[PDB]
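1. can you look at this? It's an experimental structure, sequence on top.
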2 protein chains.
Amino acid sequence: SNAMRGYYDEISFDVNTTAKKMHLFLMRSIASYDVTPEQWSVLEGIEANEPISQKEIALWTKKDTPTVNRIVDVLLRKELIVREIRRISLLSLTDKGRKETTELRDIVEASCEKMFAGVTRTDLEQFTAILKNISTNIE
Amino acid sequence: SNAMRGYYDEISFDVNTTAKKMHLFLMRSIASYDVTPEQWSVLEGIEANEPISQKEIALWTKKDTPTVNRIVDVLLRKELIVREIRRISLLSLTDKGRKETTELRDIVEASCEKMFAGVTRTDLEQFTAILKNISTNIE
């Protein structure tokens, strides 16, 4: 199936390029807000896990120690998070952080709905099944 | 659609991991033959394009000049290809090269059919349509 291999290859290229464009689209939706994309990554991670250690945020966001330290410092200065004291340091949201994260999450969610307009869970599970078929076929 | 984004993300991971496994599977099918995987890449490219320049084989296979030069030298020594003389150098198959490439292509094709057993062109075009939908939705 030289032909089928061709069609699959087009799909692998398209899945990856579309994934990249989807991320850009969601980031464009909050472009006008005071919180930047990298600040949002950290804020979102804190909201999802609070109270959470600076070590664990790095793992969650896949950013290095220095990068997370830098962004956490900006978020503290913006009064969006608080850093409190075993004797290691945990991050959590302030009232202002909770307000802003809620506002941003809602905007991102609305754009995400637009992105998936006309696509159903079933549409996706059908292709996951094809990948399972191929995976089974091969040993 | 936090949920839908989750399902899509699982698909992007699975498409890429499955692609890698498919390549390994096809390479396993010819593991016992005298021609190695990297030699096959070059041989296949020559068969598909002969007579073809050493420069163009590099582009076709996405290998660098030194790598292609090395592999071409092995294929010349194995008497599978011939290098002949504007005044630049073109590669083509010998009778032995044509015989061996035909044998290998047939084995790979048979394994490729096994890989795609129960998967139809239609199954793939339906997901390409979903990617087009998402791509359209976003601007």
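-> Received the coordinates, thanks. Numbers count the residues shown, from 1 in each chain, chains lettered A, B, ... in the order given.
2. all strands of chain A, in order?
-> Counting by DSSP state E, chain A has strands at residues A:52-53, A:81-84, A:90-93.
3. buried deepest among the ones you listed, which one?
-> Highest mean neighbour count among these (mean count of other Cβ atoms under 10 Å in any protein chain shown): strand A:90-93, with a mean of 19. Placement of C-beta: from N, CA and C, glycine included.
4. which elements pack onto it?
-> Helices and strands touching strand A:90-93, as assessed by 3 or more Cβ pairs under 8 Å, 6 or more residues apart in numbering or on different chains; DSSP states H and E, comprise helix A:37-49, strand A:52-53, strand A:81-84.
5. and of these, who's closest to residue B:49?
-> helix A:37-49 (44.4 Å; Cβ to Cβ).
6. contact partners for residue A:20?
-> Not one residue lies near residue A:20 by Cβ atoms under 8 Å, 6 or more residues apart in numbering or on different chains.
7. report the buried residues of the longest helix anywhere in chain A.
-> Criterion DSSP state H: the longest helix present in chain A is helix A:2-29. Within helix A:2-29, the residues that qualify as buried are A:4-5, A:7-8, A:11-12, A:14-15, A:18-19, A:22, A:25-26, A:29, counting by 16 or more other Cβ atoms under 10 Å in any protein chain shown.
8. and stretch A:26-40, by the same measure?
-> A:26, A:29-30, A:35, A:39-40.
9. and the residues you listed, which is closest to chain B?
-> Taking Cβ to the nearest Cβ as the measure, chain B sits nearest to residue A:26 out of these, at 8.6 Å.
10. list the contacts of that closest one.
-> Shown in contact with residue A:26 (Cβ under 8 Å, 6+ apart): A:108, A:111-112, A:115.
11. can you narrow those to ones near chain B?
-> The residues of the contacts of residue A:26 that also fall near chain B, by Cβ under 8 Å from any Cβ of the partner chain, are A:112, A:115.
12. so of the contacts of residue A:26, which ones are in helices?
-> Those of those lying in helices (DSSP H): A:108, A:111-112, A:115.
13. spatially nearest residue to the residue nearest to the spatial centre of chain A (excluding sequence neighbours)?
-> For chain A, the residue nearest the mean C-alpha position is residue A:41 (6.7 Å; Cα atoms, centre = their mean). With Cβ to Cβ, 6 or more residues apart in numbering or on different chains as the criterion, residue A:41 has its nearest non-adjacent residue at 4.8 Å, and that residue is residue A:61.
14. wait, that neighbour sits on residue A:39?
-> No: shown here, residue A:61 and residue A:39 do not form a contact pair, counting by Cβ atoms under 8 Å, at 10.8 Å.
15. could you dump the helices and strands packed on strand A:90-93 into TSV with distance to residue A:72 added?
-> Below are these laid out as TSV (distance: least, Cβ to Cβ, whole Å):
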stretch	distance to residue A:72
helix A:37-49	7
strand A:52-53	11
strand A:81-84	7
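16. out of those, which is closest to residue B:97?
-> helix A:37-49 (53.2 Å).
17. then that closest one to CSV, C-alphas only?
-> Output of helix A:37-49 as CSV, limited to C-alpha atoms (Å, rounded to 0.1, in the frame of the first residue of the first chain):
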residue,chain,number,x,y,z
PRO,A,37,1.0,33.6,26.8
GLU,A,38,3.9,32.3,29.0
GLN,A,39,2.4,34.0,32.1
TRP,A,40,-0.9,32.3,31.2
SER,A,41,0.8,28.9,31.1
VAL,A,42,2.0,29.3,34.6
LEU,A,43,-1.2,30.9,35.9
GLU,A,44,-3.4,28.2,34.4
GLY,A,45,-1.1,25.5,36.0
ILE,A,46,-1.3,27.2,39.4
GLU,A,47,-5.1,27.5,39.1
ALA,A,48,-5.3,23.8,38.2
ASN,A,49,-3.1,22.6,41.1
